[PDB]
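Quick heads-up: it's one chain on its own, the form deposited in one PDB entry, in structure tokens.
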């Protein structure tokens, strides 16, 4: 469904046609599927730099690395060669009709439809998780920590869920953990700087950060005693806000602090924030790959 994929599909069909004297669409389609699978296996096998992730380029690379059933990969490839955008060109039109014909013949014994859809839903979630991560890091790099946090929280949770299904399902946990934690710490420091400002408008914004973002999401860093850097980060944030009470405070500011400080100190009763995830924009595969590369090359 892309210029790159449509042209890659036509190119592989033409290369397939040269493999046998018989040029029937049934013969060519079988050779084209074998050639395309081999092309995607090569991508799946490649050791790539951090800015490139061939799982983002094609669902079948994700399926290979995650050891999806062969018949599920085969049906996915048949759907590629049966796509209506192959319908105009003389080289691919009759192959496309043969692929559409074979898709109808597959029996539920060969491909369970719910299993097929589950695999494609995993890949959809992997792409969504990647975009949450991209936007989270793009905002982090711009020092826009509120937008960064909400997207990184979603990337982190999605990713843990994906990786519960298998090792090749998701993204580097250390990377997302680091930026989720650093984002909370930076946003907390921004809140404290505003709280100290002595300008009522800036103080109010610091308090919005604490009441709307830091206190509600603090439990996320406490869910796992094994995540020691997360636990240490929470203690550092709690220490920062208690330190104001080590000397006399102006009474109005003290009241605003102790309005939220008990909930910062013990968030065990409100582990779920019920906050809605931010919405993702629409995106192409090319855009997903380009933006992933760009943020990986811009890490700070």
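Basically, rigid core = biggest C-alpha set you can superpose within 1.5 Å across the two forms. Residue numbers count along the first chain shown, from 1.
Stretches compared: 201-209, 85-93. Higher mean C-alpha B-factor in the entry: 85-93.
The question of which stretch, 114-122 or 100-108, has the higher mean Cα B factor is settled in favour of 100-108. When the modelled residues of the chain are ordered by C-alpha B-factor, residue 270 sits in the lowest third. Residue-level temperature factors show residue 287 in the middle third of its chain, judged at the C-alpha atom.
Residue 28: CA B factor in the highest third of modelled residues in this chain (values from the PDB entry).
In this PDB entry, the Cα temperature factor of residue 128 sits in the bottom third of its chain's modelled residues, the lowest group. Among the modelled residues of its chain, residue 58 has a C-alpha B-factor that falls in the lowest third, as given in the PDB entry.
There is another form of this protein, the form deposited in another entry, and it is not shown here; the text below is about that form.
Checking 225, 90, 143, 174 for C-alpha shifts of 2 Å or more between this form and the one not shown, after the rigid core is superposed, gives a single hit: 90. Remark: with the core as the superposition reference, the CA shift of residue 273 between this form and the one not shown reaches 2 Å or more. Comparing the forms between this form and the one not shown on their rigid core, the Cα displacement of residue 248 reaches 2 Å or more. Annotation: Cα of residue 190 displaced by less than 2 Å between this form and the one not shown, core superposition.
One change in the other form concerns residue 85 and residue 127, whose Cα atoms lie at least 3 Å farther apart than in this form. Compared with the form shown, the residue 68-residue 86 C-alpha separation increases in the other form, the change being 3 Å or greater.
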